[PDB]
Amino acid sequence: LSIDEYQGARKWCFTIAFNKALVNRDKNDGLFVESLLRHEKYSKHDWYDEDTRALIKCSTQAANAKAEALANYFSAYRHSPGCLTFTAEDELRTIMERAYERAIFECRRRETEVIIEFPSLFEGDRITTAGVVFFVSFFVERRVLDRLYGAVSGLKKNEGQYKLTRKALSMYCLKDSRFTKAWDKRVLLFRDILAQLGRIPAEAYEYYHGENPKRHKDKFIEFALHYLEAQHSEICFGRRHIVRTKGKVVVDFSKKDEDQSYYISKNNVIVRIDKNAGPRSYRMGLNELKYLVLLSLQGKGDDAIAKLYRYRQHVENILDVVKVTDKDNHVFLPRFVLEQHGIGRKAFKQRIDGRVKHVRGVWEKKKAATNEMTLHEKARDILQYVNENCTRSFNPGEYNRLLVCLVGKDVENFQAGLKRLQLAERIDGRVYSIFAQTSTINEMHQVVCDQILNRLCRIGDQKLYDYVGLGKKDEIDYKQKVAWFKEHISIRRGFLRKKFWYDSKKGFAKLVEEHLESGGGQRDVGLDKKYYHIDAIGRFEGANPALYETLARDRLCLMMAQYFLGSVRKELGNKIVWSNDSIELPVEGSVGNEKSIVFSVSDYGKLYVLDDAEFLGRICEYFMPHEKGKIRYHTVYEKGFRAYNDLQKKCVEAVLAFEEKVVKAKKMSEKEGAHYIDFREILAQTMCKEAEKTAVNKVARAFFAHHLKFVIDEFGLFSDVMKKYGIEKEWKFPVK
RNA sequence: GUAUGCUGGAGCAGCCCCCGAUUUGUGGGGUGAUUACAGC
Ligand SMILES: [Br-]
Ligand SMILES: [Cl-]
Ligand SMILES: [Cl-]
Ligand SMILES: [Cl-]
Ligand SMILES: [Cl-]
Ligand SMILES: [Cl-]
Ligand SMILES: [Mg+2]
Ligand SMILES: [Mg+2]
Ligand SMILES: [Mg+2]
């Protein structure tokens with residue numbers, strides 16, 4: 001259980017993880033800070049306060065030195081325990097505690113209730129098993145950390161606790177596909193589109209399978225932006241960065257940083273079109289984006305982009321003649337413009353009615369959904385109620401502090417917070433008191449829904465229109481608003497549809513299907529069609545509309561994938577064989593009985609195994625020597641990668657048991673001012689021939705680093721030396 | 001394609017509802033604003 005209890009061969013699971021951390025720190029020395037900041041690039045809200053961010057920026061050498069120390073400690077029989085001590089002082093400990101409390105908050109606030117406690121990373125000034133798992137997570141792919149946590153967790157008795165604890169501890173891991181030698185990003189986009197399309201649409205997964213992976217995210221926009229930029233040099237989409245409780249989202253059109261994220265806000269992007277006399281910039285929604293993709297795929301991209309470019313000219317012409325212009329042109333103009341010219345004004349009475357109906361509706365739905373809502377949703381509602389009853393509104397610090405109480409199921413500390421607001425005369429005794437009779441987030445949430453609905457279902461008074469936001473003093477000149485509007489134009493919904501398919505009776509989905517059937521690809525989605533329709537419910541009920549739209553956008557993504565593959569160098573486009581339901585690629589090695597690997601649609605998440613071609617070649621050659629031609633991924637995993645992993649555990653356990661026997665038999669000691677005995681210095685004191693010591697070191701190094709850089713004869717010699725020193729294992733290697 | 005505080009503008013965009021509909025509609029109505037916005 002404690003980290004001290006892992007001695008000799010029991011260290012093996014840590015040996016494998018930490019050697020991979022060093023394997024990966026040799027590919028990229030920046031991984032500690034990269035991993036700590038990965039999520040915070042996507043957050044307006046600071047993951048870290050200012051001094052924590054400062055510590056993180058300085059920490060690479062410290063963290064890289066600790067990574068090497070622990071790898072040394074876990075890769076030796078006996079190493080000084082000093083490396084397992086982090087003082088309260090320690091930069092790395094502060095960083096780790098902040099990153100971990102942030103990951104726990106991120107897990108808890110997406111749950112509907114707080115069920116479990118999380119393990120401590122430290123006990124006194126000593127790292128725990130959970131602390132060691134957390135430290136290594138920063139350097140390794142998800143699959144390495146899952147393998148470590150699976151070996152060392154005491155929590156697997158409770159599946160829910162095991163997986164939530166794992167979620168927190170693995171928050172900062174690398175994606176399984178993090179490292180590649182591929183230089184053509186069209187190769188990686190091809191794989192990413194295929195992986196996403198092979199994930200089952202969430203709603204269909206829950207119906208057919210609810211208790212391939214589940215699709216969790218819609219990546220249509222991301223893919224569409226990469227495809228439109230690759231096809232149309234005139235077009236460039238806004239990239240996001242955050243300038244540093246809250247940072248500033250800045251949108252720019254700099255391409256220089258390949259991996260920089262596109263700006264996507266509520267299914268809107270910013271497009272810059274460089275035609276004629278200079279660039280023009282628009283906001284474009286999903287609706288216009290998906291029609292632009294459809295038009296681009298059919299060869300009308302240049303024409304569509306010309307019509308978007310000219311859009312601003314039409315708006316500027318209409319703006320001078322709003323009173324007299326055709327009512328059909330009112331669609332391009334925001335409310336404030338039409339209302340300034342006496343078009344579609346509403347009586348304050350009507351504005352009150354619509355506003356109060358809406359806010360009433362919002363709170364009746366919250367009241368009905370309390371048990372299904374997330375802790376973050378419930379906490380935000382409770383905080384809105386307290387904030388709207390405060391003499392002076394929460395500052396960011398006050399808000400954050402109370403949010404942390406509510407998300408953490410700390411109802412005592414939340415109620416101590418209300419007491420402090422009461423003693424400060426910020427809220428009156430009634431507001432403090434309505435919470436006195438509650439002990440749970442759900443109870444508090446119901447009380448708040450009831451207080452708000454009581455306020456909203458009063459016979460309309462002056463206090464009510466202020467409460468629902470109709471009381472604000474607008475002091476901005478119409479002419480300032482018009483000027484702002486002209487530098488921030490958004491494309492009217494249905495614009496491209498009306499320009500190209502005016503008299504079409506075919507919806508978006510049928511237009512996509514007609515292009516797929518007649519366009520010349522003869523491809524369709526590889527997922528079973530039942531994943532895009534529930535036959536048992538009506539055409540328009542529940543998820544069926546959303547799944548039907550998903551079939552059309554997946555078909556767009558397949559055609560984008562077709563464009564990317566078709567665009568890559570013929571050397572690479574001609575080796576691969578892509579069917580509706582499979583990808584076949586050649587495996588290196590196995591000369592005489594040459595080989596290919598066949599990924600089914602359910603395996604497209606694993607196409608990253610192609611990034612280490614030498615390892616896949618040796619896995620097939622050494623674990624599957626008799627197989628020739630086409631091999632299923634499933635077979636490569638079960639007979640190859642799983643077989644390798646089983647052997648690797650036995651060789652690492654063997655090597656550590658060897659060190660223990662040879663250090664204690666030959667009664668060995670460390671140098672004065674050294675932490676462990678070099679494995680060289682241990683072999684130097686063996687009864688082995690040179691050829692035996694060479695092979696032992698090479699086979700050891702291979703299993704420590706997860707590769708196959710040795711020959712079958714050299715494993716023979718390793719196996720001989722283990723047998724000669726008492727440590728046998730059922731190697732099951734070499735293979736029949 | 002997470003509204004973690006407050007002020008003010010913006011709902012052409014995004015999203016929702018009603019109506020229509022082998023489905024995502026330049027039909028109708030909303031959206032106490034999500035922000036290529038300006039401030040505390
Ligand atoms: Br290899
Ligand atoms: Cl990553
Ligand atoms: Cl490449
Ligand atoms: Cl009121
Ligand atoms: Cl098999
Ligand atoms: Cl070799
Ligand atoms: Mg405001
Ligand atoms: Mg609107
Ligand atoms: Mg605002």
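Scope of the values below: all heavy atoms of this structure, side chains included, with no hydrogens, waters or symmetry mates. The chains referred to below are lettered A, B, ... by the order of the sequence lines, with proteins before strands, and numbering in each begins at 1.
Taking 3.5 Å as the limit, the base of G32(B) and the side chain of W363(A) contain a donor-acceptor pair of atoms between them. With hydrogens and angles left out, the side chain of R109(A) and the base of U2(B) share a donor-acceptor pair within 3.5 Å. With hydrogens and angles left out, the side chain of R102(A) and the base of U4(B) share a donor-acceptor pair within 3.5 Å.
Taking side-chain N and O atoms only, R493(A) has a distance below 4.0 Å to OP1 or OP2 of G14(B). At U22(B), none of the side-chain N or O atoms of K510(A) fall inside 4.0 Å of OP1 or OP2 (strictly under the cut-off). Residue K217(A) places at least one side-chain N or O under 4.0 Å from the OP1 or OP2 atom of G1(B). The side chain of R492(A) places no N or O atom within less than 4.0 Å of a non-bridging phosphate oxygen (OP1 or OP2) of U26(B). Taking side-chain N and O atoms only, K290(A) has no distance below 4.0 Å to OP1 or OP2 of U24(B). One finds a side-chain N or O of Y291(A) lying less than 4.0 angstrom from the OP1 or OP2 phosphate oxygen of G25(B).
Computed from coordinates, the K472(A) NZ to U7(B) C1' distance equals 9 Å when rounded to whole Å.
Every stem involving RNA chain B, taken as at least 3 paired positions in a row under the Watson-Crick or G-U wobble test at 3.5 Å, is listed here: B:5-8 with B:37-40, B:14-18 with B:27-31.
Partners of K510(A) under the side chain to side chain contact (heavy atoms under 4.5 Å, CB included) rule, at least two apart in sequence or in another chain, are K506(A), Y548(A).
Contact annotation for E288(A): no contact, since no heavy-atom pair falls under 4.0 Å across all strands. Using a 4.0 Å heavy-atom cutoff across all strands shown, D218(A) reaches at least one base atom of the nucleic acid.
Listed by residue number, the members of residues 366-380 of chain A with any heavy atom below 4.0 angstrom from RNA chain B are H376(A), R380(A). Listed by residue number, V331(A), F332(A), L333(A), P334(A), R335(A), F336(A) are the residues of residues 328-345 of chain A with a heavy-atom contact under 4.0 Å to RNA chain B. The stretch residues 262-275 of chain A comes close to RNA chain B through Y263(A), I264(A), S265(A), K266(A), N267(A), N268(A), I270(A), each having a heavy atom under 4.0 Å from the strand. Taken residue by residue, residues 403-412 of chain A places heavy atoms nearer than 4.0 Å to RNA chain B at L403(A).
Using a 4.0 Å cut-off between a side-chain N of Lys or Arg and a carboxylate O of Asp or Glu, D51(A) and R98(A) do not qualify as a salt bridge. Checked for salt-bridge contact, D450(A) and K367(A) meet the test: a charged N lies under 4.0 Å from a carboxylate O. In summary, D466(A) and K472(A) do not engage in a salt bridge, as defined by a charged side-chain N under 4.0 Å from a carboxylate O. Under a 4.0 Å N-O distance rule, the pair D257(A)/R239(A) does not qualify as a salt bridge. Using a 4.0 Å cut-off between charged nitrogen and carboxylate oxygen, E203(A) and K214(A) do not count as a salt-bridge pair.
For the pair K499(A) and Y291(A), the cation-pi test (distance below 6.0 Å, angle within 45°) is failed.
Between the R426(A) side chain and the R392(A) main chain, a donor and an acceptor come within less than 3.5 Å of each other.
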